[PDB]
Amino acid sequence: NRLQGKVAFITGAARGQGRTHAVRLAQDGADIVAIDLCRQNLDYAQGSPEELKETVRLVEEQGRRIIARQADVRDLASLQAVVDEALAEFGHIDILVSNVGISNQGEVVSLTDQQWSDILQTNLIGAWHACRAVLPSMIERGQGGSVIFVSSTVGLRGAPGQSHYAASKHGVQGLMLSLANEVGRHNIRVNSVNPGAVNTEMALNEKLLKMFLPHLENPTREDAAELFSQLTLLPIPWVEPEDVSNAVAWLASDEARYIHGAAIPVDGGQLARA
């Protein structure tokens, strides 16, 4: 197991991308600390308690140990509570996966204070909170570790109709680079993965599709494939959550021990498109 004896803390783990992170790192021998708000302003399906229970089953199916808790990344104390439990049961946290957050839509002149507040609190402040909660024990344990920020192509380019979301993931990259300069010295590697279109309910939701395809009354998954296929260079409409999780699992492994300060696009060429 490439991650044998490691413990990975994963946010948004009830479903989607966060679930795939837990199973994939579990596959590599990592025990898991999993949190999700487990509650449904956002126009797609989010995690539930039943879905977190499935994440648990799936990780336990791989022969691993898991602590799964309802928690709120927007709330430091809520995270510290779970970190404290993990540490009492597992002794250490070696890998932090600050997963993907939330998004909704609108133009600069049309966005609301509520939309800015929500997106920053969840996507930026929440990523910082996970860091603030986990790093003290990681620094104290003295064995190094990994902080992987699950960001986005919109952390590295503009996104019309999504300026708040792009501002938030740009902010995550600023956090990442700043963190890399603080905790490098401790052998704590800090990197981002930057997916483009991904096969999830969050990335492919009808509301978002309508913004890009305002002429269509009910845009379908086929319509989405036709839109997003033009953005990738590879013959694909989007990557899978597993492709993002594979990158995360590699960064956490000794194979990638000296990778630090990187933003790795997982996008089939979107960011390289001429």
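We number the residues from 1 along the sequence you see.
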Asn41 preceded by how many uncoordinated deposited residues after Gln40: 1 to 3
Higher-B stretch (mean Cα B-factor, as the entry records it), 167-175 or 78-86: 78-86
With B-factors read from the PDB entry, the higher C-alpha mean of 204-212 and 30-38 is in 204-212
Hey, out of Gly101, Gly144, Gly196, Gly161, whose CA B-factor is highest in the deposited coordinates? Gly101
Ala274: CA temperature factor from the record, placed by chain third, in the highest
Going by the entry, which third of its chain does the Cα temperature factor of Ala249 land in? lowest
Where the record places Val239 (Cα B-factor, split into thirds across the chain): lowest
Pull the Cα B-factor of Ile10 out of the PDB entry and bin it into the chain's lowest, middle or highest third. middle
